[PDB]
Structure formats: structure tokens, C-alpha cells
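Chemist: Quick one: the structure is below, and I'll ask about it shortly.
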Amino acid sequence: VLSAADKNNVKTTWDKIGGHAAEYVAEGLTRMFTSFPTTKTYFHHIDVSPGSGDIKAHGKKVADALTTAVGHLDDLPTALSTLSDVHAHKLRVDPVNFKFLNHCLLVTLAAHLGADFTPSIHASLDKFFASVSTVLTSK
Amino acid sequence: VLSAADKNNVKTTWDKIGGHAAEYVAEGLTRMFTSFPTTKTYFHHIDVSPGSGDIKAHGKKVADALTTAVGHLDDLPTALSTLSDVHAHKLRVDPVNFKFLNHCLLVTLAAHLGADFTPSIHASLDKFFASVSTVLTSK
Amino acid sequence: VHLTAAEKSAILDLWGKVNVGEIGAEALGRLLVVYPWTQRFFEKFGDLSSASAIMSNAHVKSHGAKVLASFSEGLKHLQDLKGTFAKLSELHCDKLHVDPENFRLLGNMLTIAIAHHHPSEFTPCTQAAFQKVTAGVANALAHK
Amino acid sequence: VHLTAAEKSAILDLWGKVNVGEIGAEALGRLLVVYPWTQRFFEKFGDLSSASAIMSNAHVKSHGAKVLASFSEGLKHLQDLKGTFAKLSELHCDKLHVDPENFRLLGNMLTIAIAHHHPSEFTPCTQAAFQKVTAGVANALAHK
Ligand code: HEM
Ligand code: HEM
Ligand code: HEM
Ligand code: HEM
């Protein structure tokens, strides 16, 4: 459950990251594939090698959906309805994979955001990503 | 995230259980204390031995709060606000303890509800209890 | 696993009455309804897109029976769960890539299955013994 | 743990530059902010009711340093993590009752702490080695 403070930390950090988000997310994907190779299984159909254009392209789709989540913090189940379909009905993704990805995302932000990645910013983002996870694994 | 079907399964099962709920919950507590003895730590101040009156009395408080959750399935964070305080700010309860308790609750219902405890009823109750857990461990 | 002598006999006393095929069908059938992402691992079985199709599927009954028979076998070698389960560990870990968290969910479905079929015998003490054993079996499967 | 020779040297190369006290303060300080129920285990430290009080507390800095020094020590006995960590296992498991899930959260805070302090050196490969090691340390702590 995000507080009102958590929501402001999430909105403020997401707007500052801005146009970099797709970059940060590709790097998150690359970190997940390399630290948890088992997750490559779900991506057998694309080139998952480090700087691939499939990864940038997928990084962008994921960034965009997270931007949408940031715009609808008060009703994520409705904004992310369609992504729930994809992740819980069509792909049947093990939720352990979301922990992997969330952690690789925070790892990336901790590296790029420097001093703006405070313990409070960090705590709020972690609750945000867990909340997106719970919805995407849904039904 | 509970669907509309999940909500009906939860409301229907809770109303059928009815006046037994406090009984079922005491038995849940006794099962948690005996299968996961580490959870007794949080209850050092009461008699936690099997049929104790402290347990019945606490079983009732817990049943009542779950009844309130069943009445407000669409906004649990607001109905359970005060219980979040108690569990996440005051007691600082490890969320692993909620998994223990949820499982002991389903174990009890599977034993007492017989044929009404179908795989679908079971799935809906599990999502319900995980959702109550996420709120109570909140901030 | 410790497992004291009282625990082992709580477990065996009940196990002597258990129907391996019914419990195993109940356990695996609930795993797939309750934790839907586990269906991914069994798509060779056919349609698993509803509770009704899961509870009716012959490969689920038959696989659930197979899983319980090997749990049953593990129960006769309580002192060496890792040795007993080492080939299944390899299969599940290296060939199938099943996150270990799922082993624990099946162990829990199996506890629920025994409470649902043996209401009167499955007392808090009897459940306590079975949680350790299911926890041991999960840990022995996760060993590779 | 496997740990190949390339993994061990990814780990040692970076570790040679690491400030044990800063990383350990960062790691333990984030564990308590991010996963608030862990505060329960350290109430002997004083007020932990805000990020500001956590990040300022001298016992958190000093304990975080102590925790990282023993991680550091573990790194020189990569072939026997269980033996190395067996007394801490007993302490954490039997005296303090810390659910093992929490060991893994600290291992993850420690990875974040190293990415935050060594932006340029903490590449996907270097992170990969450190995840196994932190996973090994967690598993060795959970062993009793
Ligand atoms: C923060 C979590 C995530 C977000 C916001 C997100 C967003 C997306 C989006 C926007 C798509 C494209 C949907 C479409 O094209 O209609 C997608 C597809 C997919 N996702 Fe995710 N996702 C997330 C987490 C995960 C995780 C943890 C995994 C798997 C280990 C995962 C595995 C996949 C796979 C295999 C596809 C299909 C890709 C394709 O067809 O090329 N996602 N996701
Ligand atoms: C389904 C989850 C739960 C519900 C619906 C619930 C409800 C309650 C209620 C209604 C109280 C009394 C609050 C008051 O008197 O103001 C309470 C107190 C408490 N709860 Fe829970 N609770 C739940 C789960 C948990 C768990 C998993 C644990 C711990 C292992 C836990 C540990 C405690 C403790 C130590 C107290 C204080 C009791 C006292 O002062 O005698 N609860 N809970
Ligand atoms: C209590 C823990 C478990 C036990 C004792 C167990 C036991 C077994 C056994 C005996 C087999 C048959 C091996 C053979 O035919 O040689 C098997 C196969 C299999 N297991 Fe498990 N299992 C467990 C948990 C799980 C979990 C949690 C999953 C996945 C969610 C899973 C997925 C599979 C799959 C996909 C097969 C192969 C079925 C086939 O295609 O023939 N197992 N397991
Ligand atoms: C990476 C995993 C961990 C390592 C390497 C580690 C290491 C240590 C060390 C070296 C000590 C000092 C022992 C002594 O003074 O003899 C200690 C004590 C302690 N640990 Fe951990 N620890 C870990 C994880 C955790 C976690 C997750 C918790 C709880 C959330 C925790 C709670 C405690 C507590 C309460 C003490 C005693 C502090 C005191 O009162 O003096 N530890 N640990």
C-alpha cells in the first residue's frame, strides 16, 4: 500500500528520470538476464545479447507501461488490466521473475541516480514495483 | 487483486461460516503456534496453550477484523488503517508470520468446510488473505 | 529435519490410512488452481484454463498420483531425504528450472489435501510433524 | 556456489577498492528503511522510527561495519562458506529467530550499496558474481 509520501517520491523520481527511462529499463533487463539466466527462457524469440536492438525496443515498451502506472497510482488494477492479461493469462510468468526484475531496476537506479537515490526514495520505489508486480501476476 | 468472482466467493463463504468464524480462527491460531513455534514470541503476554480463554478471546478479535475486511473488499487500506498501525508501526511483525497464519487458516477451513472448500473457493480465500496481509504490513 | 520419534509416528500413523492417488490428485490439482503460473510447467497435459478442466484432467490425476508415491517413498527414508531425492532435484532444478519457492507451495497443498480428506485425524500436532517433513522434502528437492 | 575463477576475481577486484564501513552502513541502513519490520530486531539501538534517525544512528553505522567485515572474511574462504558462517548461523537461527528470507534482503541491500558507491565498476557481469556470493552467504547463514 503506497502512502501519499510514497506516491510523491514515485512521481518526482519518475519525472526527473524523464526521457532516460527506456535506457534504464534496457539496462535492468540486461542485468536480469545476466544475473538470473533462467529469465532468458521467456525471451527465447528475441536477441537478448547485451546491447541488442531487441532489448532497447523492449526496454521502451516496459518504460512506457511503468510511466502509465505512475500516472494512475490510485487505480493500478484498471490501468494495467491489459498487461495483467499478457503476464498472468498468456505468459503465466512465475512471480519470482518480478522480484528479479525489480531488484535489477533498483540496482540500475542506484547506479545512475547518485545522491537522488536516498533510502526514502529507494523504499517508495520498491513498494511501487511490488505493487505493479502484484497486479501483473493478478488473476 | 481480487476479481468480481473472487469477491463473491469470499462473501458467500464468510456468510456461511457465520457465527463459527471466531472458533475457526482460534483453531488457526493454535495450529500456527504449534506448527510454527517461533510465532509464540509475539504472544508471550497471554496463555497460548491449546484451549485457553486468551486464545478464544483473541480468535474473536481477529474474526471480527476479518469480517470487517469482508465488508469493505473494494477499499481494504481504509477499513484496515488502524490494524495497519498496530501490525506494521507498533508490533513490526515479520510478514513471514502472515504466511504462516494464512496457511493455518486455510488448513482449518479445509478441515471444517468439507465439500464447500472447493479449489475455486480455496484460490479466492488465499488471494483475500494475502491482500489483508499486504495492508497489515503496509507502511 | 530433526524429526523426533513422536513426529515420525504421527506421520506414519496417518500415512497408513491415506489414499495416495486421491491426496496426490487433490494436492496437484489445487496447486494449479490456486497458483496459476504453475500451469506453465504442465502444458503438455492439455487445457488447464479453468478449475473444472484442471479437476477433470486425467494427466493431472495420474501425475499427482506419481508425485505422492514418491513423497510416500521419501517417508521410508526419513534419515536421508537428500539422497532419496537427489535425481528429482537434478530434474527439477537443471532440466525444468522450477524455482524452489514452488516446492514449498506443493508441500503446503499437500498439507491442505490431508486436512480436507482426514478432518478428524489432522490435529495441530499431526500438522506440525507434516510441516517439517514437507519442508524437508522441499529443501531436499532444492539441493542442486 | 559454484563460483568459477572469473567470478571470484570479478568479486576480489572490486572488493580491493571497497570501503567496508561505508558499504556496511549503507547496506544495513537501507535494510531498516526499506523493510521496516527488521527494526524489531535492533531495538537496543534506540530510535529507528524514521529514515533520518536510522541514517544518523551510531550503532547502525558500527553494526553495519561489523556485518560487512564478516562478509569480507567470508570472501577469503569462498570454498567453505558454511564452515566460516556456522557460529553466526546458530546465533541468528537459534538465539534470534531471524527468518532466512531476511538474509537474502540484506544480501540484496549489499548489492545496491555496491552499485550506488561504485557506479562505473558494477557492470552486469560484476553484479552476477555478487548475486551468487550473497546468495551463498544467505544459504550458509540459514544452514542450522
Ligand atoms: C515491472 C514489470 C513489467 C512491465 C511494466 C512489463 C511491460 C510489458 C509490456 C508493456 C509488454 C508488451 C505487451 C504488448 O506488447 O502487448 C510485455 C511483454 C512481455 N513480458 Fe513484461 N513487463 C514487466 C515485468 C515482466 C517480467 C518480470 C517478465 C518475465 C521474466 C516479463 C516477461 C515478458 C515477456 C516474455 C513478454 C512478451 C514479449 C514479446 O512478445 O516480445 N515481464 N511486458
Ligand atoms: C489475518 C491477519 C490478522 C488480523 C485480521 C488481525 C487482527 C488483530 C486484532 C483485531 C488485534 C487487536 C487490535 C486491538 O486490540 O486494537 C491484533 C493484535 C495483535 N496481533 Fe494480529 N491480526 C492478524 C494477523 C497477525 C499476525 C500474522 C500476527 C503475529 C505473528 C499478529 C500478531 C499480533 C499481536 C502480538 C497482537 C497484540 C495482541 C494483544 O495485545 O493482546 N497478527 N491483531
Ligand atoms: C513435493 C515436491 C515435488 C515432488 C516430490 C515431485 C515429484 C516428481 C516426480 C516423481 C516426477 C516424475 C519424474 C519421472 O517421470 O521420472 C516429476 C516430474 C515433473 N515435475 Fe515435480 N515434484 C515436485 C514438485 C514440482 C513443482 C512445484 C513443479 C512445477 C511447478 C513440478 C514440475 C514437474 C514437471 C513439469 C515434471 C515432468 C512431467 C512430465 O512432463 O512428464 N514439480 N516430479
Ligand atoms: C548477510 C547476512 C548477515 C551477516 C553476515 C550478519 C552478521 C552478523 C554479525 C557479525 C553479528 C555480530 C555477532 C557478534 O557480535 O558476535 C550479527 C549480530 C546480529 N545480527 Fe546479523 N548478519 C546478517 C543478517 C542479519 C539479519 C537479516 C538480521 C535481522 C533482520 C540480523 C540481526 C542481528 C542481530 C539482532 C544481532 C545482534 C546485535 C547485538 O544485539 O549486538 N542479522 N550479525
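Chemist: I'd like to know if region D:81-88 contains one or more residues that are within 21 Å of B:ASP94 (Cβ to Cβ) and surrounded by fewer than 19 Cβ atoms within 10 Å (Cβ to Cβ).
Modeler: Yes, some residue in region D:81-88 is within 21 Å of B:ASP94 (Cβ to Cβ) and surrounded by fewer than 19 Cβ atoms within 10 Å (Cβ to Cβ).
Chemist: Considering each residue of region C:92-103, count those that are without any contact (Cβ under 8 Å) to a residue 12 or more places away in the chain and surrounded by 14 or more Cβ atoms within 10 Å (Cβ to Cβ), and give that number.
Modeler: First, the residues of region C:92-103 that are without any contact (Cβ under 8 Å) to a residue 12 or more places away in the chain: C:95, C:97, C:99, C:101.
Checking the rest, the ones that are also surrounded by 14 or more Cβ atoms within 10 Å (Cβ to Cβ) come to C:99, C:101.
So the count comes out to 2.
Chemist: Can you tell me which residues in region B:93-110 are at the interface with another protein chain (Cβ under 7 Å from one of its Cβ atoms), in contact with a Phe, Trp or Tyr (Cβ under 6 Å, 6 or more places away or on another chain) and assigned to a helix (DSSP H, G or I)?
Modeler: Result: B:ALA110, single match.
Chemist: Something else: If you go through region B:111-139, how many residues are closer than 22 Å to B:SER3 by Cα, aliphatic (A, V, I, L, M) and more than 9 Å from ligand 2 (Cβ to nearest atom)?
Modeler: Residues meeting the conditions: 5.
Chemist: Still on this model: Among the residues of region A:37-70, what is the count of those that are aliphatic (A, V, I, L, M) and touching a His at 6+ places or on another chain (Cβ under 8 Å)? Let's see the steps before the verdict.
Modeler: First, pick out the residues of region A:37-70 that are aliphatic (A, V, I, L, M): A:46, A:48, A:55, A:57, A:62-63, A:65-66, A:69-70.
Next, from what is left, pick out any that are touching a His at 6+ places or on another chain (Cβ under 8 Å): A:46.
Number satisfying all stated conditions: 1.
Chemist: Considering A:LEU101, A:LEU76, which residue is touching a helix residue (DSSP H, G or I) at 6+ places or on another chain (Cβ under 9 Å) and within 9 Å of ligand 1 (Cβ to nearest atom)? It would help to see each step written out before you state the result.
Modeler: Working: A:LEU76 fails: within 9 Å of ligand 1 (Cβ to nearest atom).
So the residue among A:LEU101, A:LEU76 that is touching a helix residue (DSSP H, G or I) at 6+ places or on another chain (Cβ under 9 Å) and within 9 Å of ligand 1 (Cβ to nearest atom) is A:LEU101.
Chemist: Follow-up question, since we're still on this one. For region D:112-122, enumerate the residues that are facing chain A (nearest Cβ under 9 Å) and either within 11 Å of ligand 4 (Cβ to nearest atom) or assigned to a loop (DSSP other than H, G, I, E, B) (or both).
Modeler: Result: D:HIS118, D:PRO119, D:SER120, D:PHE122.
Chemist: What number of residues within region A:111-121 are part of a helix (DSSP H, G or I), of a type outside the set (A, V, I, L, M) and either surrounded by 14 or more Cβ atoms within 10 Å (Cβ to Cβ) or within 16 Å of ligand 4 (Cβ to nearest atom) (or both)? Break it down stepwise before answering.
Modeler: Of all residues in region A:111-121, those part of a helix (DSSP H, G or I) come to A:111-112, A:114-116, A:119-121.
Now restrict to residues that are of a type outside the set (A, V, I, L, M): A:112, A:114, A:116, A:119-120.
Narrowing the set further to residues that are either surrounded by 14 or more Cβ atoms within 10 Å (Cβ to Cβ) or within 16 Å of ligand 4 (Cβ to nearest atom) (or both) leaves A:112, A:119-120.
So the count comes out to 3.
Chemist: Output the residues belonging to region A:78-92 that are assigned to a helix (DSSP H, G or I) and surrounded by 15 or more Cβ atoms within 10 Å (Cβ to Cβ).
Modeler: Filtering region A:78-92 for residues assigned to a helix (DSSP H, G or I) gives A:78-79, A:81-90.
Answer for region A:78-92, where residues must be assigned to a helix (DSSP H, G or I) and surrounded by 15 or more Cβ atoms within 10 Å (Cβ to Cβ): A:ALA79, A:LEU83, A:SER84, A:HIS87, A:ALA88.
Chemist: Of everything in region C:28-38, what is farther than 17 Å from B:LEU125 by Cβ and either in contact (Cβ under 8 Å) with a residue 24 or more places away in the chain or within 16 Å of the chain's Cα centre (by Cα) (or both)? Give them in sequence order. Give the derivation first.
Modeler: Let us first name the residues in region C:28-38 that are farther than 17 Å from B:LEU125 by Cβ, namely C:28, C:37-38.
Matches in region C:28-38: C:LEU28, C:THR38.
Chemist: For region D:133-144, does any single residue satisfy the condition of being within 22 Å of A:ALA123 (Cα to Cα), more than 10 Å from ligand 4 (Cβ to nearest atom) and not β-branched (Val, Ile, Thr)?
Modeler: Yes: region D:133-144 contains one or more residues that are within 22 Å of A:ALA123 (Cα to Cα), more than 10 Å from ligand 4 (Cβ to nearest atom) and not β-branched (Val, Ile, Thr).
Chemist: Taking the stated definitions as given, is D:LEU106 buried (at least 20 other Cβ atoms within 10 Å of the Cβ), more than 16 Å from ligand 3 (Cβ to nearest atom) and within 26 Å of C:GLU101 (Cα to Cα)?
Modeler: Answer is yes for this residue.
Every residue, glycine among them, receives a Cβ derived from its backbone with ideal geometry; neighbour counts consider all protein chains shown. Values quoted throughout were computed directly from the atomic coordinates according to the rules given, and no laboratory measurement underlies them.
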